[PDB]
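Quick notes on the structure that follows.
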Amino acid sequence: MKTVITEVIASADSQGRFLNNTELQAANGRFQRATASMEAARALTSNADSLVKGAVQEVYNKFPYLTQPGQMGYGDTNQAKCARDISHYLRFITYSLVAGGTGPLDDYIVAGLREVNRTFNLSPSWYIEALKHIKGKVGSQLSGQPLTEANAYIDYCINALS
Amino acid sequence: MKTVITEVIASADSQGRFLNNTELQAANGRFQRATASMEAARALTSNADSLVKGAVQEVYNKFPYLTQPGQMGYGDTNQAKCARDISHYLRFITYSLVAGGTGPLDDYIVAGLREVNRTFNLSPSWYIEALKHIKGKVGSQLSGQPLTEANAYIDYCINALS
Amino acid sequence: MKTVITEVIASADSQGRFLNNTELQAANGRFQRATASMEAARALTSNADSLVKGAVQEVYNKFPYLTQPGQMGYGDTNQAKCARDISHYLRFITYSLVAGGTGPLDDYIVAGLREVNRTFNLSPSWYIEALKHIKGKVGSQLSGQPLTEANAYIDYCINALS
Amino acid sequence: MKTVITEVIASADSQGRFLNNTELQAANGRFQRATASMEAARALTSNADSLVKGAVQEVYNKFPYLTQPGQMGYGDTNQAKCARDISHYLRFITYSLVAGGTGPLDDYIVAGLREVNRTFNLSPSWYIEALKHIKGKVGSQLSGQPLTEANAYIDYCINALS
Amino acid sequence: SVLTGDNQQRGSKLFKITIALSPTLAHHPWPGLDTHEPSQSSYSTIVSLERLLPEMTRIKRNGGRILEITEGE
Amino acid sequence: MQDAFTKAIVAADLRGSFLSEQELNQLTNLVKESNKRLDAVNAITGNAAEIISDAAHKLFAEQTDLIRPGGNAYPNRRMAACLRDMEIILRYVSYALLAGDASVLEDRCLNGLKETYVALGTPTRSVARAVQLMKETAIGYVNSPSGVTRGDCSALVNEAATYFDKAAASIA
Amino acid sequence: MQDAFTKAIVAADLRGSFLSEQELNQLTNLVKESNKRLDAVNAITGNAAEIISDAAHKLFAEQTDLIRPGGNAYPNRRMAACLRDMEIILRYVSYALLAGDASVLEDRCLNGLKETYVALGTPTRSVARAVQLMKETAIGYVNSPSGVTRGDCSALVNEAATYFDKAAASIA
Amino acid sequence: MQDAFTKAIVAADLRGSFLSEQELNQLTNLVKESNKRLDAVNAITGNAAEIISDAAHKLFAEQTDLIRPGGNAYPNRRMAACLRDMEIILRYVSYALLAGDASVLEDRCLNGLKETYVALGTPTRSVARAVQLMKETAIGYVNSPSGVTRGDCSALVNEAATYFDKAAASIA
Amino acid sequence: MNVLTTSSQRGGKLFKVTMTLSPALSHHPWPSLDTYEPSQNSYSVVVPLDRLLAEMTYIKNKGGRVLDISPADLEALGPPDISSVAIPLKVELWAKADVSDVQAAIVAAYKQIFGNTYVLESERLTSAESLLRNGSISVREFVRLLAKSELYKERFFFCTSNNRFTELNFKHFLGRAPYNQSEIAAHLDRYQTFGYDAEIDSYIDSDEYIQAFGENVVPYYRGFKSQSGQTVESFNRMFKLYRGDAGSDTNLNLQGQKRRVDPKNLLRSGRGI
Ligand SMILES: *[C@H](C)[C@H]1/C(=C/c2[nH]c(/C=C3N=C(/C=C4\NC(=O)C(CC)=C4C)C(C)=C\3CCC(=O)O)c(CCC(=O)O)c2C)NC(=O)[C@@H]1C
Ligand SMILES: *[C@H](C)[C@H]1/C(=C/c2[nH]c(/C=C3N=C(/C=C4\NC(=O)C(CC)=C4C)C(C)=C\3CCC(=O)O)c(CCC(=O)O)c2C)NC(=O)[C@@H]1C
Ligand SMILES: *[C@H](C)[C@H]1/C(=C/c2[nH]c(/C=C3N=C(/C=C4\NC(=O)C(CC)=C4C)C(C)=C\3CCC(=O)O)c(CCC(=O)O)c2C)NC(=O)[C@@H]1C
Ligand SMILES: *[C@H](C)[C@H]1/C(=C/c2[nH]c(/C=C3N=C(/C=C4\NC(=O)C(CC)=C4C)C(C)=C\3CCC(=O)O)c(CCC(=O)O)c2C)NC(=O)[C@@H]1C
Ligand SMILES: *[C@H](C)[C@H]1/C(=C/c2[nH]c(/C=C3N=C(/C=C4\NC(=O)C(CC)=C4C)C(C)=C\3CCC(=O)O)c(CCC(=O)O)c2C)NC(=O)[C@@H]1C
Ligand SMILES: *[C@H](C)[C@H]1/C(=C/c2[nH]c(/C=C3N=C(/C=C4\NC(=O)C(CC)=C4C)C(C)=C\3CCC(=O)O)c(CCC(=O)O)c2C)NC(=O)[C@@H]1C
Ligand SMILES: *[C@H](C)[C@H]1/C(=C/c2[nH]c(/C=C3N=C(/C=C4\NC(=O)C(CC)=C4C)C(C)=C\3CCC(=O)O)c(CCC(=O)O)c2C)NC(=O)[C@@H]1C
Ligand SMILES: *[C@H](C)[C@H]1/C(=C/c2[nH]c(/C=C3N=C(/C=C4\NC(=O)C(CC)=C4C)C(C)=C\3CCC(=O)O)c(CCC(=O)O)c2C)NC(=O)[C@@H]1C
Ligand SMILES: *[C@H](C)[C@H]1/C(=C/c2[nH]c(/C=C3N=C(/C=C4\NC(=O)C(CC)=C4C)C(C)=C\3CCC(=O)O)c(CCC(=O)O)c2C)NC(=O)[C@@H]1C
Ligand SMILES: *[C@H](C)[C@H]1/C(=C/c2[nH]c(/C=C3N=C(/C=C4\NC(=O)C(CC)=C4C)C(C)=C\3CCC(=O)O)c(CCC(=O)O)c2C)NC(=O)[C@@H]1C
Ligand SMILES: *[C@H](C)[C@H]1/C(=C/c2[nH]c(/C=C3N=C(/C=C4\NC(=O)C(CC)=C4C)C(C)=C\3CCC(=O)O)c(CCC(=O)O)c2C)NC(=O)[C@@H]1C
């Protein structure tokens with residue numbers, strides 16, 4: 001899993017060399033940031049649910065036809081799934097904030113994203129809206145660096161999805 | 001040349017991906033530290049000379065026989081060289097402080113150190129004393145993080161020499 | 001470009017050996033089939049247009065919302081493109097029939113399909129319908145082996161798209 | 001073992017793809033040809049013996065000295081072997097006709113041919129005559145494609161031997 | 001050992017055999033020279049006819065001798 | 001590698017003999033079926049994507065836990081693998097079907113598969129299940145195509161089954 | 001690889017849950033110690049050469065046979081290896097110390113080390129001994145620096161110990 | 001087998017020396033805690049049944065599928081095993097706690113355990129989980145007893161933890 | 001072989017793969033027909049999870065075939081600890097045993113006779129236990145009853161091969177592992193004519209059984225310590241037959257019943273038949 005700390009270790013390990021000042025400087029960077037990151041995670045974790053409801057909802061407004069019978073958005077099972085999925089995205093994001101790297105995101109969400117989505121005919125677009133809607137809400141509960149961090153990670157996914 | 005900034009770029013580049021939050025965190029670390037680093041360099045640069053004299057000198061006290069005729073420490077040419085050399089070590093150290101990485105040290109000093117030293121029968125020991133003596137003096141002009149940084153780099157060489 | 005003939009040459013060539021009876025047998029197969037293949041192509045080529053109209057149309061019936069303003073199906077430019085695109089698919093299919101291999105399809109259509117489609121947000125689904133609708137029409141003008149051939153190639157794309 | 005069918009599988013398998021129309025066309029070729037091939041085999045199988053006698057014989061006419069004492073052609077053991085060997089060649093040829101590929105020939109006869117022959121001082125020439133004589137006889141019992149097939153394989157060996 | 005019921009599950013005619021016991025036949029798991037148990041110097045067992053020949057031969061080669069044979073019933 | 005023809009050859013070889021007339025007649029008739037055989041294959045390959053897609057849906061509807069956190073098909077990365085694998089197995093099966101022989105399937109594909117699954121902690125049972133799910137769907141197509149001359153494919157259908165089953169068994 | 005943070009995540013993942021507030025508070029405080037943590041590492045790396053040098057001297061004074069003909073540290077070639085190894089182990093220990101997790105040390109270095117040593121005929125016991133000798137020297141530095149802000153490092157010191165010990169144990 | 005005392009001995013033996021005074025003082029101190037140590041053990045044993053019962057309930061509330069047909073805790077027979085295993089692990093842990101040494105736990109219980117679980121198809125993850133669930137409950141009792149003289153048991157509590165964790169790790 | 005690292009520098013569970021090498025897969029850079037080094041007939045590689053699929057396909061597409069795959073973490077684990085089996089312990093059932101002592105024996109017997117394998121309340125045999133503790137049955141005789149019992153047959157003898165059942169038997173009834181191909185052959189022939197009961201009878205009846213724990217001693221593990229007339233390799237085979245504490249003989253596990261001792265290894269100790 002890719003976090004700042006793991007990477008410098010890895011790099012040191014490959015070369016076969018002790019951790020020297022170079023790497024520690026980097027580490028120092030992380031952990032300094034953490035304070036903001038951690039704050040952001042506390043905020044998302046708390047409002048989770050509400051964010052999720054709002055998102056799922058949004059998607060339907062954005063793509064009305066999904067809720068029509070014979071579509072994907074239709075019938076509770078699917079709605080349940082839709083909820084579940086977004087929860088996941090969120091969950092991971094928090095993780096990544098705390099871990100201080102994209103690592104968690106990469107391994108759970110991103111790797112294999114395309115093919116899964118292809119085989120089950122999940123349209124990236126949807127997810128994206130979810131995220132965007134989220135981003136917008138988060139853009140109230142947070143501020144300054146905490147906010148900035150939250151965004152970064154949220155986006156990271158947008159880009160991976162698109 | 002290995003600095004924090006170059007490394008994260010490199011790592012990003014290998015994976016083939018844009019610089020994401022992971023790397024920036026690291027970079028940030030380098031930049032915040034710089035203030036201390038820079039301070040240290042200003043201090044060494046100024047007292048350079050005095051440090052050098054003191055060191056060279058020390059070495060002779062430590063290894064009296066060097067100054068006897070038919071030895072290496074003997075006759076001005078050699079003394080001049082001895083001075084020159086230590087100057088270099090110092091010079092590079094400053095560089096490394098400023099560059100925020102061992103890079104400068106590795107490429108100028110360390111790579112090829114052994115063989116040079118072997119072929120000309122320069123005893124690592126000597127250099128080491130020089131450094132140690134230096135370290136001790138620096139341990140007065142500096143304090144707190146500035147100091148800490150100075151040490152790190154000075155040591156890094158000790159270890160490479162030994 | 002992958003056709004029967006090119007492949008056997010390739011395989012022969014890799015091993016470093018003359019074309020022996022093994023390969024010619026294969027070639028013979030391609031040539032015998034051609035008569036049917038060629039027939040199919042003449043049939044598609046002639047009805048091209050009509051097939052295209054029908055398809056494009058279909059897509060809109062299948063996905064009404066596309067024609068609404070602010071969507072992709074909306075505004076003539078897009079419709080023009082939509083037409084163009086399907087034409088292409090067809091064109092290539094004919095090619096492949098005649099060339100006696102998927103080659104033409106692979107190199108024009110398939111390779112890079114995903115990424116193009118991702119970057120411009122073309123939904124595979126659409127294309128698919130187009131094709132299916134086509135397949136259904138073709139299932140009248142043709143019969144026996146000619147038909148069979150037509151299908152094979154049409155499908156090949158369906159699978160690549162999905 | 002190299003037959004048409006095995007090869008297309010192999011090629012398909014390497015690229016990691018399903019058997020598509022390209023390969024089936026090829027396969028079809030093998031099967032269509034079979035009818036002729038099979039016919040040829042029935043013909044050789046039946047006249048085997050007679051072909052063998054004739055061949056062995058021929059060789060001796062062509063190279064009288066072989067039958068002199070102290071030579072290879074001399075003394076029954078050797079004659080027996082000589083017979084055996086040619087039988088083999090024939091046997092395999094039939095196999096190859098039926099298998100629809102050189103495969104059987106390659107693996108039994110051809111691979112290692114040279115070294116065997118070198119170490120035991122079997123002169124390729126001999127075998128060749130055998131074959132040629134055969135080819136000539138076969139050129140009566142067969143006709144049209146059946147014939148053509150028979151030749152191909154017979155030759156294939158001539159070339160390998162030479 | 002009085003049989004409470006037919007010891008053996010597999011069935012044949014059963015015969016009680018009383019043997020004088022060598023230390024070897026039932027050595028105690030003790031350091032030094034192994035001692036058979038004092039309480040029984042004469043183990044009595046119930047045996048099926050089929051096993052009777054093997055049991056007797058093994059008893060024979062070991063020191064101990066058959067005191068008596070009695071049909072188990 | 002091997003296939004129906006080559007196989008018969010090899011047998012004959014060890015006896016040291018020309019092919020028996022009886023034995024030819026196996027092959028002669030095998031040829032006659034070719035066309036049927038081909039169409040069968042064509043049907044699978046044509047529907048491939050779908051076959052899988054379908055089977056998967058059903059697999060996950062049954063064994064909900066596979067897709068739950070802590071399950072074997074979670075997260076995405078894993079899911080992807082699971083799909084990929086299914087497909088492969090299918091691919092091979094098809095190959096066999098054309099060859100007219102299990103071998104190719106056994107040697108390239110099935111050999112080592114169980115053990116892999118074991119080492120990973122993939123539940124072999126579920127894998128097997130998937131394979132069957134696939135089987136049924138596949139037959140579905142083989143047996144109900146469009147534009148094909150009407151006739152009896154049973155013989156082929158059964159052989160298809162067997163291949164699927166060898167797979168199921170050796171994995172399981 | 002893994003480290004303190006990543007680890008906690010992973011656990012949380014299998015439960016399928018957001019991080020517990022309690023759990024955050026582990027990490028929150030872990031952060032606070034960072035500075036201390038770092039200096040600790042820095043101390044080892046800075047003194048590396050020495051730590052080893054030292055340990056070695058003591059190792060060979062004790063087990064004189066290692067350096068006699070027929071022993072395992074003789075001749076030069078072997079000696080060299082022995083030194084190299086010591087160092088490596090040290091390197092990994094440091095890594096762990098930074099990560100705040102044993103994993104890196106165990107997975108990269110310890111897993112299989114014993115067996116190697118065995119196959120070669122290296123006396124595992126002596127190896128372990130060396131590791132301890134190192135431990136003590138190392139702690140020495142970690143715990144007695146100059147020009148660092150004075151405070152309590154115990155917590156870190158102990159964790160350091162543990163790492164050394166895991167090493168000693170698994171080798172031994 | 002082994003325990004805290006014996007261990008220290010053995011070490012000393014290889015050095016070839018009488019026990020270092022420093023080392024005695026470890027043991028001397030260890031003795032002093034005895035009473036605490038004992039009560040800790042007593043607490044586990046006294047609550048055994050419950051500890052398990054509890055942990056199980058929680059385990060199955062979380063991973064519903066284990067108890068569903070096709071899961072690993074189904075049917076009864078399997079369930080039974082799963083319970084007994086939990087218990088065993090506990091039993092050993094306690095033993096260790098008294099000894100003042102992991103060994104007994106490692107050698108009798110943990111050694112080979114992972115592989116067994118693997119071969120059966122038992123999901124190691126879940127096993128580990130159970131062990132933790134147990135841990136927490138157990139500590140609960142150790143740390144909150146009735147009629148005991150009040151003082152600090154932390155030291156013991158942590159060591160307990162470690163044992164549980166060694167278990168969790170090696171199984172996982 | 002030993003694997004030195006469990007995981008790659010990039011996180012990734014390494015997996016040891018064992019194949020039969022083929023000339024195509026590796027060949028000497030020599031004139032003449034390509035030959036793999038004889039010593040590497042069975043090659044082993046450790047690959048990260050990512051390259052595992054590619055690695056295995058390539059092996060199989062050449063004439064290679066995969067002997068087995070195993071996670072590197074299970075591999076590169078200590079050989080089992082022999083601590084408990086170095087000195088078995090041993091149980092004696094005195095005459096006039098009080099209630100507890102009889103219980104201990106029973107437990108111990110089930111342990112050794114069945115392997116770690118668990119015996120459920122319903123599986124347990126009241127009748128046989130009944131007999132012990134009012135006299136009438138020897139510990140030796142109880143042991144016979146257990147090996148006669150279906151429980152035993154269902155686990156050991158009805159799932160695995162007779163080849164496997166023999167050594168399985170050896171270990172349970174005698175601590176020893178089997179020495180030599182002859183022992184395996186003798187037992188197999190006994191089984192074919194005499195049947196299952198006679199074979200079971202022949203281990204308890206054997207003098208090796210009598211000489212150690214002859215009567216009224218629960219069998220213990222003689223192997224792992226030096227025995228008379230025991231081939232040195234037998235000791236190694238005991239490490240294969242006995243994997244750790246809390247490792248059992250289980251029909252239950254995937255492909256449960258296989259051979260711990262390869263046939264070839266037996267041939268090394270002795271051949272003749
Ligand atoms: C929400 C916008 C829409 C929706 C979603 C939806 N998803 C599925 C099925 C799946 N969703 C995922 C996604 C994930 N699973 C993971 O493991 C992860 C990474 C942690 C993600 C992001 C997966 C894998 C599936 C496949 C099967 C499964 O449920 O696990 C469906 C069902 C579609 C089907 O027929 O399989 C749906 C509908 N639901 C809606 O209503 C929105 C349109
Ligand atoms: C000083 C402690 C002792 C001493 C030194 C001394 N050095 C040399 C020669 C060389 N020293 C160096 C060192 C460097 N040159 C570089 O380029 C770098 C990297 C930037 C370093 C560190 C080198 C390379 C040389 C060789 C070439 C040269 O002529 O400089 C000598 C002369 C050795 C000779 O054989 O002539 C000496 C004596 N002199 C003292 O008094 C101390 C004992
Ligand atoms: C038709 C089903 C829908 C539709 C299509 C549509 N396509 C585009 C743009 C592109 N379409 C393609 C496709 C191809 N171009 C090729 O070169 C080939 C291979 C020969 C294919 C299959 C491409 C490449 C483009 C992108 C670049 C371009 O302008 O051609 C659009 C425009 C989308 C955009 O500009 O972002 C549209 C709308 N239109 C409809 O009405 C249907 C929904
Ligand atoms: C016949 C034209 C001449 C002749 C031939 C002859 N051959 C041998 C010995 C061998 N011949 C072969 C050939 C094959 N063996 C195989 O396995 C195959 C592949 C199916 C072939 C084609 C081999 C290998 C041998 C070597 C040993 C053996 O026992 O086969 C001899 C004997 C020569 C010797 O040195 O032993 C002879 C004489 N005999 C004639 O009369 C013709 C001149
Ligand atoms: C899907 C129905 C089930 C599933 C599959 C699954 N597989 C893996 C990982 C691998 N599976 C294979 C497969 C093969 N190896 C071969 O040699 C062949 C035949 C040629 C196949 C088909 C391999 C090699 C791997 C390991 C390497 C890889 O990355 O694929 C996983 C992922 C395991 C992991 O822990 O990452 C999964 C999930 N498992 C399920 O849940 C389904 C029941
Ligand atoms: C069997 C599952 C179904 C079925 C098959 C069937 N096919 C034919 C005949 C033919 N099928 C083909 C197809 C091909 N031949 C080729 O060369 C290729 C590769 C390019 C294919 C795909 C051909 C050419 C024939 C012969 C001509 C024809 O189509 O009639 C039959 C007829 C009997 C026969 O063996 O010829 C049958 C029965 N039909 C069913 O009812 C099944 C559902
Ligand atoms: C020194 C304290 C003791 C000692 C060490 C020793 N080791 C070897 C040989 C090897 N050591 C290793 C181990 C590692 N290499 C790695 O990559 C890692 C990290 C994963 C380790 C720890 C290896 C690979 C070898 C074998 C090959 C090699 O020489 O590199 C020797 C040499 C043995 C020989 O036969 O040459 C020695 C001496 N042994 C002692 O005497 C000390 C007690
Ligand atoms: C502990 C082993 C011994 C000790 C450590 C100690 N350090 C601090 C405080 C700091 N140490 C650092 C050092 C670094 N920060 C970095 O970013 C890097 C890498 C570039 C290092 C090496 C820093 C910056 C601080 C903060 C304040 C300062 O000026 O040092 C303390 C004080 C407590 C704290 O956490 O701030 C202590 C105790 N000194 C001891 O007393 C131990 C023997
Ligand atoms: C610690 C987890 C909790 C706790 C324990 C505790 N116990 C004592 C003192 C004693 N407890 C015992 C108990 C035993 N000694 C034995 O030999 C046996 C087995 C036969 C037992 C069960 C005894 C005898 C003592 C000493 C007398 C007394 O009870 O005062 C203490 C006090 C510390 C000490 O004795 O040095 C403590 C703290 N009490 C807690 O608050 C913890 C939750
Ligand atoms: C000839 C007297 C007997 C005989 C030999 C024989 N060998 C093979 C195959 C192989 N033989 C070897 C031998 C070596 N490989 C080496 O590298 C070395 C020296 C370093 C030896 C001695 C090997 C490895 C092979 C197998 C792979 C390969 O081809 O290199 C065969 C053929 C076996 C097959 O089926 O491929 C034969 C026949 N066998 C006989 O019949 C004679 C009694
Ligand atoms: C419960 C937390 C989980 C679980 C357990 C489970 N275990 C088995 C079977 C066995 N487990 C063991 C365990 C041990 N053997 C020992 O000797 C020790 C230490 C001394 C332990 C802890 C053994 C021996 C077996 C094999 C024998 C047997 O199964 O009778 C099973 C049954 C496997 C089966 O398929 O029948 C189970 C279910 N599995 C779960 O579902 C939980 C996650």
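All residue names refer to the structure tokens as shown: chains lettered A, B, ... in order, residues numbered from 1 in each chain, ligands numbered from 1 in order.
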Need to verify the contact set: residue 43 of chain G, 10 Å, only C-alpha atoms, exclusion of same-chain residues closer than 3 positions in sequence. Can you return it as a ChimeraX atom specification?
/B:152 /G:38-40,46-48,94,138-145
Could you name the residues that touch residue 8 of chain G at 9 Å or less, counting only C-alpha atoms, but leaving out those on the same chain fewer than 6 positions away, as a PDB file with N, CA and C atoms, in the first residue's frame?
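Dumped to part33.pdb:
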ATOM      1  N   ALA A  99      -4.357   7.381   6.368  1.00  0.00           N
ATOM      2  CA  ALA A  99      -3.134   6.687   5.996  1.00  0.00           C
ATOM      3  C   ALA A  99      -2.094   7.655   5.439  1.00  0.00           C
TER       4      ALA A  99
ATOM      5  N   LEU G  19     -13.367   3.937  10.471  1.00  0.00           N
ATOM      6  CA  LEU G  19     -12.502   3.807  11.631  1.00  0.00           C
ATOM      7  C   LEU G  19     -13.236   4.258  12.890  1.00  0.00           C
ATOM      8  N   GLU G  23      -9.924   4.192  17.684  1.00  0.00           N
ATOM      9  CA  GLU G  23      -8.797   3.802  16.836  1.00  0.00           C
ATOM     10  C   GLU G  23      -8.037   5.005  16.286  1.00  0.00           C
ATOM     11  N   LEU G  27      -3.843   6.636  16.485  1.00  0.00           N
ATOM     12  CA  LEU G  27      -3.062   7.215  15.415  1.00  0.00           C
ATOM     13  C   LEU G  27      -2.763   8.666  15.769  1.00  0.00           C
TER      14      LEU G  27
END
What residues of the protein or nucleic acid chains come within 10 Å of ligand 10 when you use only C-alpha atoms and all ligand atoms? Reply as number ranges by chain.
I: 21-24, 26-28, 33-41
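Distance-wise, atom 6 (C, counted along the ligand's line) of ligand 9 and atom CA of residue 155 of chain H end up 12.1 Å apart.
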Write out as a VMD selection string all residues of segment 160-202 of chain I that backbone DSSP assigns to alpha helix (DSSP H).
chain I and resid 162 to 173 181 to 193 196 to 202
Taking 5 positions as the minimum chain separation for residues in the same chain, which residues sit within 12 Å of residue 30 of chain C when counting only C-alpha atoms? Answer as a list in words.
residues 3, 4, 5, 6, 7, 8, 23, 24, 25, 35, 36, 37, 38, 97, 98, 99, 100 and 101 of chain C; 21, 22, 23, 24, 25, 26, 27, 28, 29, 30 and 32 of chain D
Please produce a file of those selected residues containing C-alpha atoms, as a short mmCIF file (atom, residue, chain, number, x, y, z; two decimals), in the first residue's frame.
data_model
loop_
_atom_site.label_atom_id
_atom_site.label_comp_id
_atom_site.auth_asym_id
_atom_site.auth_seq_id
_atom_site.Cartn_x
_atom_site.Cartn_y
_atom_site.Cartn_z
CA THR C 3 -6.02 -12.72 -42.06
CA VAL C 4 -5.73 -16.45 -42.54
CA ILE C 5 -3.03 -16.02 -45.16
CA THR C 6 -0.93 -13.56 -43.20
CA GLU C 7 -1.04 -15.72 -40.06
CA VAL C 8 0.24 -18.92 -41.58
CA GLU C 23 -0.40 -24.22 -43.94
CA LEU C 24 -1.67 -24.58 -47.46
CA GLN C 25 -4.55 -26.70 -46.16
CA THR C 35 -17.41 -17.21 -52.12
CA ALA C 36 -19.94 -17.00 -49.28
CA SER C 37 -18.11 -14.13 -47.56
CA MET C 38 -17.94 -12.08 -50.76
CA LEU C 97 -15.61 -10.36 -44.86
CA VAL C 98 -13.58 -9.80 -48.00
CA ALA C 99 -10.15 -9.94 -46.36
CA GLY C 100 -11.15 -13.21 -44.71
CA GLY C 101 -10.08 -12.38 -41.17
CA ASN D 21 -13.84 -16.66 -37.51
CA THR D 22 -10.25 -16.35 -38.78
CA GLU D 23 -9.20 -19.67 -37.28
CA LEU D 24 -12.36 -21.60 -37.99
CA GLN D 25 -11.98 -20.78 -41.68
CA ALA D 26 -8.58 -22.45 -41.47
CA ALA D 27 -9.93 -25.47 -39.60
CA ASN D 28 -12.64 -25.82 -42.22
CA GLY D 29 -9.87 -26.10 -44.80
CA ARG D 30 -8.32 -29.06 -43.00
CA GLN D 32 -12.58 -30.33 -46.45
#
Would you kindly return, as an NGL selection string, each protein, DNA or RNA residue with an atom no farther than 10 Å from any atom of segment 88-91 of chain G, considering only C-alpha atoms and excluding same-chain residues fewer than 5 positions away?
(:A and (12-13 or 16-19)) or (:G and (44-45 or 48 or 51-52 or 83 or 96-97 or 105 or 108-110 or 131 or 134-135 or 138 or 163-164 or 167-168))
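Our summary of the geometry notes that atom CA of residue 169 of chain I is positioned 9.1 Å from atom CA of residue 157 of chain I.
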Chain A contacts on chain F, only C-alpha atoms, 10 Å, as a ChimeraX atom specification:
/F:49-50,52-54,56-57,69,74-81,83-84
Polymer residues at most 6 Å from residue 47 of chain E, only C-alpha atoms, same-chain spacing of 2 or more positions, as a ChimeraX atom specification
/E:14-15,52
Please, which residues of chain I lie no more than 6 Å from chain E when the count uses only C-alpha atoms, and can they be set out as a list in words?
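Putting it all together, I get residues 136, 214 and 215 of chain I.
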So that I have them on file, write out the residues from the current selection with N, CA, C and O atoms, as a PDB file, in the first residue's frame.
ATOM      1  N   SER I 136     -11.084 -56.657  32.314  1.00  0.00           N
ATOM      2  CA  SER I 136     -11.609 -57.442  31.207  1.00  0.00           C
ATOM      3  C   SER I 136     -10.898 -57.081  29.913  1.00  0.00           C
ATOM      4  O   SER I 136     -10.671 -57.964  29.085  1.00  0.00           O
ATOM      5  N   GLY I 214       4.007 -52.784  25.689  1.00  0.00           N
ATOM      6  CA  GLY I 214       3.494 -54.080  25.281  1.00  0.00           C
ATOM      7  C   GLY I 214       2.047 -54.276  25.715  1.00  0.00           C
ATOM      8  O   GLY I 214       1.173 -54.453  24.870  1.00  0.00           O
ATOM      9  N   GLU I 215       1.800 -54.233  27.027  1.00  0.00           N
ATOM     10  CA  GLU I 215       0.436 -54.270  27.534  1.00  0.00           C
ATOM     11  C   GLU I 215       0.247 -53.111  28.502  1.00  0.00           C
ATOM     12  O   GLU I 215       1.223 -52.630  29.085  1.00  0.00           O
TER      13      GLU I 215
END
Find the residues in chain G near chain F: any atom within 12 Å counts, using only C-alpha atoms. Write them as a compact mmCIF listing (two decimals) with C-alpha atoms, in the first residue's frame.
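The result, written out as iface_4.txt:
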# COMPACT_ATOMS: atom_id res chain seq x y z
CA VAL G 10 -6.89 -2.98 6.85
CA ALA G 11 -8.39 -4.32 10.06
CA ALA G 12 -11.20 -1.75 9.79
CA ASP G 13 -11.80 -2.77 6.21
CA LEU G 14 -12.62 -6.39 7.02
CA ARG G 15 -15.16 -5.32 9.60
CA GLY G 16 -16.41 -3.22 6.66
CA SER G 17 -16.56 -0.10 8.78
With only C-alpha atoms and all ligand atoms counted, collect every polymer residue having an atom within 9 Å of ligand 2; state the result as number ranges by chain.
B: 55-56, 59-60, 63, 66-67, 71-86, 88-89, 92, 108-110, 112-113, 116-117, 119-130
